[PDB]
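Some notes on the structure that comes next.
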Amino acid sequence: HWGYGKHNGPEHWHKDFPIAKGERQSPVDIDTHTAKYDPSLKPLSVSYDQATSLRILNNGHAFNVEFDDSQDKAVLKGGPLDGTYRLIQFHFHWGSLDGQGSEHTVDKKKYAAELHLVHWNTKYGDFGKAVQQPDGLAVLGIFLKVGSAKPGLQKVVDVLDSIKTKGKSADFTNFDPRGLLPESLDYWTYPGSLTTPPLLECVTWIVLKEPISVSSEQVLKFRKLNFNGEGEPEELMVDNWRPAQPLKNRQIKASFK
Ligand SMILES: CCCCc1ccc(S(N)(=O)=O)cc1
Ligand SMILES: [Zn+2]
């Protein structure tokens, strides 16, 4: 029954998921002055040209755009990563107001939202086995700020009316996630965790420095989704973000000088 409310939110999660107080939890604040350029990072490769989206689902916590990950169709390689990581889904976290919503922060700045493109390490065969490994997942995180509209987001925005409540899904084929990227692939990276229960410490985080701009109308439509199921009291799906967690014994590395 975890969620984002006062009675089931991030400050309660540790009771059922004690790893919430672990040594490599996410998100974190990215102190840009302390992060260090790492010459050992290889070029990052986002290869999404053959992506096969399938479906969009309101899971009661966010909405996921799901991909066919039965072959190496959309993959992430390079950067800090060893081997090949296959795209399985993306989703967002967002706020009730434009001044909050991101999970990672940059010098304590909160963005209006944060996109997570979730990938699993193909050496482990399936996502469920990958999440049991310290290098099982790679999540590409992209900040959203409110300004001009992001054209490649509009197809997502326009289907949300059909998945308003928890458990609803809709066909979402032929969506191109390349339309959600910014121009630059400059990034910060560090070892962390899933940001929702079960909070497993299996993620290499790659957080892009350049945000994408989305319009006020686009993010307003995110905020019309519901956490609740159909026929239940309406609880707007807003503020579905975990705050920054202690950095502990970690260093954030930058891909750029
Ligand atoms: C075991 C199922 C895990 C699903 C899940 C996938 C990704 C994230 S996030 N927000 O990108 O760290 C959270 C949860
Ligand atoms: Zn996420």
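All letters in the sequence shown, in the order written, are residues 4 to 125, 127 to 261 by the authors' numbering.
Think of the CB as a built atom: it goes at the ideal place given N, C-alpha and C, for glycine as much as any other residue.
**Q.** Nonlocal neighbours in the same chain, by C-beta distance under 6 Å from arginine 182, ignoring five residues either side
**A.** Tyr51
By a C-beta neighbour count over all protein chains shown, 10 Å radius and 16 as the cutoff for buried, is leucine 79 buried or exposed? buried
- Do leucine 198 and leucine 204 have their C-beta atoms closer together than 8 Å? yes
*Coil, strand or helix - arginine 227 by DSSP*: coil
Review point. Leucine 148: buried (16+ other C-beta within 10 angstroms of its C-beta) or exposed?
Key: buried
- Message: Quick test of your reading: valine 121 and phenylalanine 93, contact by CB under 8 Å. State the CB separation rounded to the nearest angstrom.
- Response: 7 Å
- Query: Closest to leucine 229 by CA distance: which of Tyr114, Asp34, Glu239 is it?
  - Reply: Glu239
DSSP has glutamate 117 in a bridge; who is on the other side? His96, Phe147
### Task
Write down the C-beta distance between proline 83 and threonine 208 rounded to the nearest angstrom, noting that I regard them as a contact closer than 8 Å.
6 Å
* To do: May I ask you to verify whether the region 168–176 touches the region 215–225, counting CB pairs closer than 8 Å and requiring at least 3?
  => no
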